[PDB]
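Since the structure comes first, as C-alpha cells, the remarks are kept for the end.
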Amino acid sequence: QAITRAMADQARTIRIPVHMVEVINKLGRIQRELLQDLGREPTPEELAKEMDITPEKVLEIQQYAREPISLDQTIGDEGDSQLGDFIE
DNA sequence: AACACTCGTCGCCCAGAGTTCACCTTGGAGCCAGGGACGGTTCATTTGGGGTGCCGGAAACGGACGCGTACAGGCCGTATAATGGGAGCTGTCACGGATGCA
C-alpha cells in the first residue's frame, strides 16, 4: 500500500491523483490482456465496454496518461543540439 | 499632170447685262408716357395640432438568496506465506597533476 501510494503521488512529473492513476493502470493492463487474447489491439469502443464508461472518457484518460519529454535531449541524428534549441 | 470653184477669219456695227452712280419714300426702332394687376410682402387670426411629465399599475426581468446534488480528490484498510537488482559494456589521445601506495 505504501509503495503504490508513493508511486501514484511521486512517479510522474505532473502529479496525477491516485483515483486517476488506478484507472490508467487498469485500462493499460486490461488493454494489453485484450491485445494478447484477441491477436490485435483493442479499439477505444471495445476498451470502453470493459471500462463500463464512455469512449470519450477512455480517450481523455489515454491523452491524460502521456508524460513529458526532456527539453535537453539531443534531437539530431548526431549529438549537435538540444530540443530546446527548436522551441519558440 | 492641167484646170475652175466654196469655206474661217477677221473686222465692224448695233443692242443689252448688269453694274455702277446716283435720285426719292416709309415703315420704321426705339424713346417716352400712361395704366393696371400682381405677385411679393407683411401682418391680423385659428383653433387643429404637437406635447408632456408623471403615474396607477401591469407585467416582464434581472438578480439575489437559500438550499439541495455531484463527481474529484483524498484517506484508509485489506491477516498462509510470500525476507539481500539486473545490466553494463566498456577500441582516444594528449597529458598535468593529484593521488592512494610506495
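Each value in this text was obtained by applying a stated rule to the coordinates, not by laboratory testing.
The angle between the Cα long axis of helix A:18-38 and the longest principal axis of the Cα atoms of chain A comes to about 70 degrees, rounded to the nearest 10.
Would you mind computing Rg(Cα) / (2.2 N^0.38 Å) for chain A, counting N as its residues?
After normalising by residue count via 2.2 N^0.38 Å, the value is 1.42.
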